[PDB]
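Peer 1: Below is the structure I would like to discuss, written out as structure tokens.
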Amino acid sequence: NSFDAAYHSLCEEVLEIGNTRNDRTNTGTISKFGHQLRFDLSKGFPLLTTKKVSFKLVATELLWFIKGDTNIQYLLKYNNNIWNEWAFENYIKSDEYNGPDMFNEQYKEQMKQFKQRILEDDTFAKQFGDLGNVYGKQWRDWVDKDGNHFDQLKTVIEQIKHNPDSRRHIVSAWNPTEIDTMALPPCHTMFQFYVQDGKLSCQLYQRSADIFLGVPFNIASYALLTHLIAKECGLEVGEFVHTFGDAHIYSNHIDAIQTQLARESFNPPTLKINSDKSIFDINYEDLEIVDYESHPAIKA
Amino acid sequence: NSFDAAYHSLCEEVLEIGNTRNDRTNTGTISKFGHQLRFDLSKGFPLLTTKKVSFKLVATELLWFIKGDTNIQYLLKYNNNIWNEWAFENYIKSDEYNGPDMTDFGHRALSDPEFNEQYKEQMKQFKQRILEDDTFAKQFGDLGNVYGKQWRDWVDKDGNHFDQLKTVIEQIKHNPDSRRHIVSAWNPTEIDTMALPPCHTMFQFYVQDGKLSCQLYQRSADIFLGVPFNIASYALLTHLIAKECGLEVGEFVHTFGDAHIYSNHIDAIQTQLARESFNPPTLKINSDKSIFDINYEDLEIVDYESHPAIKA
Ligand SMILES: O=c1ccn([C@H]2C[C@H](O)[C@@H](COP(=O)(O)O)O2)c(=O)[nH]1
Ligand SMILES: O=c1ccn([C@H]2C[C@H](O)[C@@H](COP(=O)(O)O)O2)c(=O)[nH]1
């Protein structure tokens with residue numbers, strides 16, 4: 003299938019022509035700079051079949067960004083943990099955390127009890143569960159000097175609806191004045207929407223991509239985004255175009271990738287949004303992945 | 003050659019599978035959305051050869067951007083007229099313009115060939131006076147609608163300034179391997195008011211093996227008029243930073259959102275596509291100064307042979 007094939011190409015290319023380099027994580031990567039993939043969303047939803055990718059995690063995180071929630075309770079409600087450490091690293095400093103300094119036994123335990131309290135205590139949730147360092151902010155809430163809030167996402171839905179032909183369907187997630195502070199500054203620096211023959215397309219620019227762990231996930235995020243915008247502007251879906259800067263496979267992943275590349279695909283699933291509510295009122299329950307079949311998951 | 007080949011393919015592809023659409027200017031284009039071109043800078047410097055491109059215009063614009071000069075007197079010394087319209091318009095509104103009402107000209111200059119004589123006549127003096135009277139230049143040479151602003155001077159809520167260019171040059175020096183070498187021109191809080199929202203929304207540097215690469219995301223591209231110029235800016239920009247950072251050049255990677263040939267350029271493209279290439283030129287930079295202190299004189303393009311210019 004074309005989606006898997008696209009990604010298999012990228013994997014293959016990086017293995018063949020990539021350059022061996024050190025990285026900030028001291029893991030080492032084999033890497034290529036600049037690369038472009040395409041995905042026809044008319045051929046279904048591009049959730050990889052040669053390795054399980056979790057629609058729940060992807061859809062939950064993305065709706066979490068688009069709702070402009072910065073509070074990890076919503077994520078925990080669905081058992082999405084992705085952003086747990088980021089918030090834990092705040093909990094551990096304060097006049098609340100009364101456990102060991104932040117062995118693998120203890121942390122693992124201590125993560126649990128934290129998670130516990132964010133769910134069960136509402137007001138402890140508001141307390142620590144609200145990290146603010148995310149995409150969800152950059153999209154819906156960007157500040158100018160004079161304290162005005164801009165909302166890139168609303169604006170582009172209105173400009174797509176009433177001036178489709180424009181070439182300024184841009185959403186940036188890169189604030190130059192917020193980088194040096196940033197926990198982990200964005201990998202998805204900005205994206206662009208395009209409209210032709212009633213079809214919407216999206217190109218993303220990812221400055222930095224972990225091919226084994228991140229791409230598959232992100233591909234799914236940006237495919238789902240398109241679909242959402244598309245539906246909200248009453249359009250059909252076109253392509254997602256995925257542009258990379260540093261596309262890298264970590265050295266601890268070569269085998270994991272090798273195993274993957276030796277697997278044959280299944281047909282891709284399809285996606286249903288079962289509602290006519292504004293996509294900012296859309297809940298995870300309103301999304302449906304039909305006949306998703308994948309080979310099981312691979313491990314680091 | 004590989005550079006012309008790359009540019010040709012783009013045209014070639016757009017012409018074939020691009021889609022008829024209407025645009026903001028009501029000119030109509032044929033457009034593809036999503037494309038990526040590479041240019042190996044070790045092979046030479048990518049001034050197109052199937053059509054003459056003015057290194058002078060390219061380099062003087064770029065040096066002007068990166069130096070943070072807001073004043074077009076500089077541009078005019080090199081016969082760079084890229085920004086002469088905005089400047090005439092302000093002037094001819096001011097009360098110390100004592101020539102004929104040049105009110106909303108252009109449509110009106112094409113229209114009326116007695117006026118066009120007065121128009122060309124007045125532009126010639128404005129231009130001459132910008133060059134000859136520094137006073138007059140200070141007071142009428144000076145804009146704000148610029149890429150250099152965002153590269154060099156991005157201000158936050160509290161009035162701290164962030165100079166991206168200089169920050170990445172440092173970060174390249176101290177942390178080549180970082181995947182965070184980013185310079186952005188897209189300030190969403192300002193997009194709704196400004197004259198011409200940047201087409202070059204952002205770019206990224208990369209270091210491998212003593213070599214600096216650069217990828218440009220261009221959200222919009224006039225394949226015919228702008229791209230040949232744009233290729234050479236970013237190529238020059240790759241050299242300049244590589245030199246400030248004590249590195250050699252690798253590749254220019256060029257990504258596009260809306261790559262379009264405007265409807266009235268098909269004719270021009272067709273002629274160009276029919277021509278054959280010369281070996282590309284090379285770029286020497288003849289100075290050991292900071293790139294912010296470097297002058298157009300210090301640049302040298304060597305062995306540029308190309309077919310004649312075209313226009314539309
Ligand atoms: O959505 C994401 C987020 C992160 N990463 C990867 C890219 C890098 O491996 C790492 C971020 O590190 P820097 O590029 O910031 O060093 O995580 C992704 O691939 N996708
Ligand atoms: O460096 C540049 C500057 C402008 N343009 C072209 C692209 C568009 O045709 C037009 C900009 O108009 P919008 O893309 O904003 O509609 O100018 C370029 O190709 N390159």
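As given, the protein sequences belong to chains B and A, one line each in that order. Numbered according to the entry's author numbering, the first sequence spans residues 3 to 104, 117 to 314. The second sequence begins at 3 in the entry's author numbering and counts up one residue at a time. Even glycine gets a Cβ: it sits at the ideal position worked out from N, Cα and C.
Using 8 Å as the threshold, is the segment 167-183 of chain B in touch with the segment 117-136 of chain B, meaning 3 or more CB pairs across them?
Peer 2: no
Peer 1: Whole-angstrom Cβ separation of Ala8/B and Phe41/B, contact assumed at under 8 Å?
Peer 2: 6 Å
Peer 1: Do the segment 267-286 of chain B and the segment 301-308 of chain B touch if we need at least three Cβ pairs shorter than 8 Å?
Peer 2: yes
Peer 1: Determine the contact status of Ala270/A and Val229/A, defining contact as a CB-CB distance below 9 Å.
Peer 2: no
Peer 1: Check whether the Cβ of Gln272/A lies closer than 9 Å to any Cβ atom in chain B.
Peer 2: no
Peer 1: Does the beta carbon of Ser186/A come closer than 9 Å to any beta carbon on chain B?
Peer 2: yes
Peer 1: Report yes if the C-beta of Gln220/B is less than 8 Å from at least one heavy atom of ligand 1; otherwise report no.
Peer 2: With a cut-off of 8 Å, the C-beta of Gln220/B is classified as near ligand 1, since at least one heavy atom of the ligand falls inside that distance.
Peer 1: When you measure from the CB of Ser186/A to every non-hydrogen atom of ligand 1, does any distance come out below 8 Å?
Peer 2: no
Peer 1: May I ask whether a heavy atom of ligand 1 can be found less than 8 Å away from the beta carbon of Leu39/B?
Peer 2: no
Peer 1: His267/A lies in the beta strand (DSSP E); which residues open and close that run?
Peer 2: From DSSP, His267/A is part of no beta strand (DSSP E); its letter is neither H nor E.
Peer 1: With a Cβ-Cβ cutoff of 9 Å, do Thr72/A and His10/A count as a contact?
Peer 2: no
Peer 1: Have a look at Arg23/B and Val209/A and give me their C-alpha separation to the nearest angstrom.
Peer 2: Taking the straight line from one Cα to the other gives about 10 Å.
Peer 1: Would you say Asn21/A faces chain B, with C-beta separation under 9 Å as the test?
Peer 2: yes
Peer 1: Does any CB atom of chain A fall closer than 9 Å to the CB of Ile225/B?
Peer 2: no
Peer 1: Within 8 Å: the Cβ of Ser180/A and any heavy atom of ligand 1?
Peer 2: yes
Peer 1: With 9 Å set as the bound, which would you pick, yes or no: does the beta-carbon of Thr191/B sit closer than that to a beta-carbon of chain A?
Peer 2: So, interface residue.
Peer 1: Does DSSP put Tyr236/B in a helix, in a strand, or in coil?
Peer 2: Helix.
Peer 1: With a cut-off of 9 Å, does the C-beta of residue 1/A fall near any C-beta of chain B?
Peer 2: The question about residue 1/A has no answer here: the residues shown for chain A are numbered 3 through 314.
Peer 1: Measuring CA to CA, which of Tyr298/B, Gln274/B and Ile263/B is closest to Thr27/B?
Peer 2: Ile263/B
Peer 1: Got a sec: does ligand 2 put a non-hydrogen atom nearer than 8 Å to the Cβ of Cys216/A?
Peer 2: no
Peer 1: In this structure, does DSSP put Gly46/B in helix, strand or coil?
Peer 2: coil
Peer 1: What distance in whole Å lies between the Cβ atoms of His202/A and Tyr149/A, which are believed to be in contact at a cut-off of 8 Å?
Peer 2: 7 Å
Peer 1: Which residue or residues does DSSP assign as beta-bridge partners of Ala223/A?
Peer 2: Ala261/A
Peer 1: Just to check my reading of the structure: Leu242/B and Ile293/B have Cβ atoms closer than 8 Å, yes? What is that Cβ distance to the nearest angstrom?
Peer 2: Indeed, because the Cβ distance is near 5 Å, the residues count as touching under 8 Å.
Peer 1: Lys313/A touches chain B at which residues, Cβ-Cβ below 8 Å?
Peer 2: The contacting residues do not exist; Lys313/A stays about 24 Å from chain B at best.
Peer 1: Helix, strand or coil: how does DSSP classify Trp188/B here?
Peer 2: When DSSP states are grouped into helix, strand and coil, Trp188/B belongs to the coil group.
Peer 1: Suppose the cutoff is 7 Å on Cβ atoms and the five residues either side in sequence are ignored; what does the same chain contact list for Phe231/B look like?
Peer 2: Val55 and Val60
Peer 1: Using 8 Å as the Cβ pair cut-off and three pairs as the minimum, do the segment 162-171 of chain A and the segment 125-145 of chain B touch?
Peer 2: Fewer than three Cβ pairs drawn from the segment 162-171 of chain A and the segment 125-145 of chain B lie within less than 8 Å of each other, which leaves the two stretches out of contact.
Peer 1: In chain B, which residues lie with their C-beta within 8 Å of the C-beta of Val255/A?
Peer 2: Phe35 and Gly36
Peer 1: For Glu63/A versus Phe35/B, is the C-beta spacing smaller than 9 Å?
Peer 2: In this structure, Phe35/B does not lie closer than 9 Å to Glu63/A by Cβ.
Peer 1: In whole angstroms, what separates the C-alpha of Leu218/B from that of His37/A?
Peer 2: Straight-line measurement puts the Cα of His37/A at about 12 Å from the Cα of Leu218/B.
Peer 1: State the start and end residues of the unbroken beta strand (DSSP E) segment that holds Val304/B.
Peer 2: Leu301 to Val304
Peer 1: Got a sec, what are the start and stop residues for the beta strand (DSSP E) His202/B sits in?
Peer 2: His202 to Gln210
Peer 1: Using Cβ-Cβ distances below 9 Å, what residues of the segment 59-91 of chain A are close to chain B?
Peer 2: Hits within the stretch: zero.
Peer 1: Is the closest heavy atom of ligand 2 to the C-beta of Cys13/A under 8 Å?
Peer 2: no
Peer 1: Any chance the CB of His202/A is under 8 Å from a heavy atom of ligand 2?
Peer 2: yes
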